[PDB]
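>>> Next input, structure requested:
(chains A and B, ligands or ions: 4)
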Amino acid sequence: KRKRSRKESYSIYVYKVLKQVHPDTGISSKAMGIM
DNA sequence: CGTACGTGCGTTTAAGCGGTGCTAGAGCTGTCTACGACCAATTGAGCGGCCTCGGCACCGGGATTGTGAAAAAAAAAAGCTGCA
Ligand SMILES: [Ca+2]
Ligand SMILES: [Ca+2]
Ligand SMILES: [Ca+2]
Ligand SMILES: [Ca+2]
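Numbering: from 1, shown residues only, chains lettered A, B, ... in the order given. Ligands and ions are numbered 1, 2, ... in the order given. Next up is the structure itself:
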């Protein structure tokens, strides 16, 4: 087909900050949208 | 029904005005280079795609908490007295 066009986001940085602050805590897709 | 506000006086206060005198600092000019744009080549961070397995949604069952009804007490409340 085509590979879907590139959509930048902050979500890898949010996940990295979350793992410093709450190592045993994750985040729903919506939550990450809000972030 | 109780009194906080609005009105209207006389007394007091300091804003406003116009002026002067002093200089902090706003803002302008000219110089020079540290810093940011631009570029080309390099490459690794982050993208999409994909797979998985554990959190969490949902369920049923039981424990727990809170509500309302009725009956019965506690209490204020009300109408009812003669006196003074
Ligand atoms: Ca912490
Ligand atoms: Ca009152
Ligand atoms: Ca100056
Ligand atoms: Ca991904």
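
>>> now the lengthiest helix in chain A: how far from the chain's centre is it?
Scanning chain A for the helix with the most residues, using DSSP state H, yields helix A:11-21. Averaging C-alpha positions (Cα atoms, centre = their mean, to the nearest Å) puts helix A:11-21 8 Å from its chain's average.

>>> Stretch A:3-13 too?
Distance, centroid of stretch A:3-13 to centroid of chain: 9 Å (Cα atoms, centre = their mean).

>>> Alpha carbons only: can I get that stretch in PDB?
Provided in PDB are the C-alpha atoms of stretch A:3-13 (Å, rounded to 0.1, in the frame of the first residue of the first chain):
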ATOM      1  CA  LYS A   3       3.000   3.400   5.000                       C
ATOM      2  CA  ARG A   4       0.700   6.000   6.800                       C
ATOM      3  CA  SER A   5       2.100   9.600   6.800                       C
ATOM      4  CA  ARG A   6       4.400  10.700   9.700                       C
ATOM      5  CA  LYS A   7       2.500  12.100  12.800                       C
ATOM      6  CA  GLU A   8       5.000  13.600  15.300                       C
ATOM      7  CA  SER A   9       3.900  13.500  19.000                       C
ATOM      8  CA  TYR A  10       5.600  14.000  22.500                       C
ATOM      9  CA  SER A  11       4.500  10.600  23.700                       C
ATOM     10  CA  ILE A  12       8.000   8.900  24.000                       C
ATOM     11  CA  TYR A  13       9.200  11.900  26.100                       C
END
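
>>> is it anywhere near DNA strand B?
Yes: shown here: stretch A:3-13 in contact with DNA strand B (Cβ under 7 Å from any atom of the strand) through A:3-9, A:11-12. Every residue, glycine included, has its C-beta placed from N, CA and C.
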